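Next up: the same protein chain in two forms, each one alone, written as structure tokens (structure 1, then structure 2).
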Structure 1
């Protein structure tokens, strides 16, 4: 009977003896799973053909509402996606940081272990805007050589906004289109009118294909102020690929999405650390 029976209450204090869950699966975080879902849904509704001009971009300003000059402030304390159609984030991180930031990335890009992993490029261009009678055409003109480098109608699909209260900076993630120009004969055409918007981008870039990310340390002087801004573009080949084959190898799309966001972070966090 019972005095004989093996003490089976070897469980009410069994807890004192590391599977990453009671499942052993790693559930996609709340925010991550969106950016995925989102990014995804968005790609879909852009027609197939146009699909090759996917700029998936990520910037840093301060999210600023319709109803204030001051930076936005919900009652939340950890990064979350901020649904407010009125909300507007204008990219512009501080110089003193901008300065310090580039150095870190660059030093960090020539480390003994990250030899064949980072490719740094300086460019100094002129982006010009151009209009009909409405369509808006960007055009690259080099300054040292003066030579059309990228000729597009930049359109815009959807954006996300990432309130980052624990950080000095929020993030607009923009999935938008580079539609190359209709005409067979236009890069010449619009070199007709003195451009109705002109800017100067001394841009320093930082590829890394190991995650499919490329990083931009852009000093733009518009014609009175001059803004310094920071961007993390994702290699459209790979992005289009991991979409192209979702159903099949599903976790390609997941793993590349988070790397994108992990990269979003390291910067955003560092960019917050450097402060003081």
Structure 2
């Protein structure tokens, strides 16, 4: 899995992702199971299998450009304008052809969640636990033939900080009927544009889409997660975006150690879902 890439429909080893063992946590008053293991719940094994399939798909030489992110919105299907409404009542992977999710929560919950995360970062108990970056960028997209190169300019210093071809490799919709928002898990590739310099061919022609991004990012290094809260202006339609990002280097690293020590990858994935749940449930609790 570390030196080769194999399309999902052709993959055959699924090295086993171990369940947590009844560890050293207060000799429990009750055994967790008759095997004394905690089985992963389905949805977590689903994520653990999808991420693994999808990284394995991609060429090794491309995996450092990976971005695994979770974003909130509402799932909408091909026929109706409203939130889907399958006959289920706890969060699941959602798989209907042409179901889609546009990253976008209500402004007031958006302001309310940002206050809450600030608040948590500002607790004296967590003064060394988050790192906050504020950042305001204009993202201009140039079509070439055709492929789209995303140029990111920041506003506070006209510097041209990021020039990529962003590719969406895969996505999983998690229909979350107990919550006011569903989530989209996206596996993207941020491909670095080569020598074709940002300034010399593009800072003279007309982008086909420009997006201003006002963001605060909370990075929680001990859970390898970064929360991004962003107002984006679609040059002008506005969206409120809430995204959790898992750290690519530690994800890469744990994915290369799957066969020898499955626990690292299985805990990273659990941790990412754990965070996205806090989020999701806090959004719903402000909705009431």
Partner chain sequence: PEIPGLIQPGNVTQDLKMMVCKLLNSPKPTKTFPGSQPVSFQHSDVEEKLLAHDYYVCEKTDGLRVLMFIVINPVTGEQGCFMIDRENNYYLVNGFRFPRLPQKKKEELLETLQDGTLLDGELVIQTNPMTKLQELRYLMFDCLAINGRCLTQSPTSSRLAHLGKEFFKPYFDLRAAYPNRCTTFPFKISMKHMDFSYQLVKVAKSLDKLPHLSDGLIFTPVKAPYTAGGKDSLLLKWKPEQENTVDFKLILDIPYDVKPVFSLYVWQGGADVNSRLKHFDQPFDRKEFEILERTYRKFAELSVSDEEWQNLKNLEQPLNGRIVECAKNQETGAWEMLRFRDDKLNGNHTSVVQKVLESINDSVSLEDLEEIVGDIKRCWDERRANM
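Positions refer to the first chain, counted from 1. For clarity, a rigid core is taken as the largest C-alpha set superposing within 1.5 Å between two forms. Shifts are known only where both forms have a C-alpha.
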{"property": "Structure, 1 versus 2, that is the form solved in complex with its partner chain", "result": "1"}
{"property": "Did residue 187 shift 2 Å or more between structures 1 and 2, C-alpha, core superposed", "result": "yes"}
{"property": "Rigid core superposed: residue 10 CA moves 2 Å or more between structures 1 and 2", "result": "yes"}
{"property": "Core-aligned CA shift between structures 1 and 2 for residue 155 (Å)", "result": "0.4"}
{"property": "Following rigid core superposition, Cα shift of residue 85 between structures 1 and 2 in Å", "result": "2.0"}
{"property": "Core-superposed comparison between structures 1 and 2, runs of at least 3 residues with CA shifts of 2 Å or more", "result": "1-17, 182-188"}
